[PDB]
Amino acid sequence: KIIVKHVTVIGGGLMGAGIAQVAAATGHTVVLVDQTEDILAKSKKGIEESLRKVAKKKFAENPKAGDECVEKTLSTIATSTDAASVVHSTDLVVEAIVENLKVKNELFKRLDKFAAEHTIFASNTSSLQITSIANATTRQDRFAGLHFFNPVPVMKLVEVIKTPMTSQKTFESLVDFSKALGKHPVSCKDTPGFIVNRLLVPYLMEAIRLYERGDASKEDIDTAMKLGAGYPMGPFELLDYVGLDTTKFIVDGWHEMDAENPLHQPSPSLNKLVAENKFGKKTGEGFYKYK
């Protein structure tokens, strides 16, 4: 077995920054990648703040212990603008960039040329088939899905997605990496939505439709699911939380691939809010208004 030690995370966004943070907090050597030195300086800054925040809470009685912790983690996170320049010596590539098939494929097709033989490639995509991306390389046996959830440093789940090509060796290594990250890996075929989103998102849509249909208010629907089902957040609160634009995007993809399917039918209320640029807590307003 080849133990994942060096990880190259591509994408300075919220997801990739958190993936890097957790990988580094658990002793992995990390290289975060994005287009500009400024974008990277900012991403790594978000990580620093997150770490100090977790520090002033873990070592709330010993600031020095906290500084050392933060420092030790932040030091094992390097940054580069061209991933091709570091994958020749990396054990794992975790991609978390724009949800565009062409862009992702161009990325992996090139990295395939630089990455060492044993290097494994994984995408954190929520809206594309892992296979579609794997076939942009001739390393499909070492390519798979590694799907995290926001906030990455907190959510313990990680879906390890195997395509009909991924090798058992690649899978196991990713299962071990997940555990090494302090996460709990689960397995799912390379089908749309995998497990979590496949069961969560359609439900959220139903909540929206029941509301649009006028059967009940958003407030009661949230109250109903929190008190009646024990959910941390009612569906509308959660929609605003995960992003209305993010939600609409995933569902549009499922709808495009299967229009006759009523479960992916667009929502006038969802589309309207996204068109009015009300993405939820991201913009201070979605179904509900925020401070």
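One rule holds for the numbers: they count along the sequence shown, beginning at 1.
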Comparing 173-181 with 196-204, which has the greater mean CA B-factor as deposited?
173-181
17-25 or 269-277, whichever carries the higher mean Cα B-factor
269-277
Considering only 159, 95, 106, 112, which residue's Cα atom bears the greatest B-factor as recorded?
106
Between 63, 234, 230, 243, where does the Cα B-factor run highest in the record?
63
For the chain shown, is the CA B-factor of residue 30 in the lowest, middle or highest third of its modelled residues?
lowest
Sorting the chain's modelled residues by C-alpha B-factor and splitting them into thirds places residue 226 in the lowest
According to the PDB entry, is the CA B factor of residue 130 in the bottom, middle or top third of its chain, that is, lowest, middle or highest?
middle
Quick one: classify residue 153 as lowest, middle or highest third of the chain based on its Cα B-factor.
middle
Would you check the entry's CA temperature factor for residue 214 and let me know if it's in the chain's lowest, middle or highest third?
highest
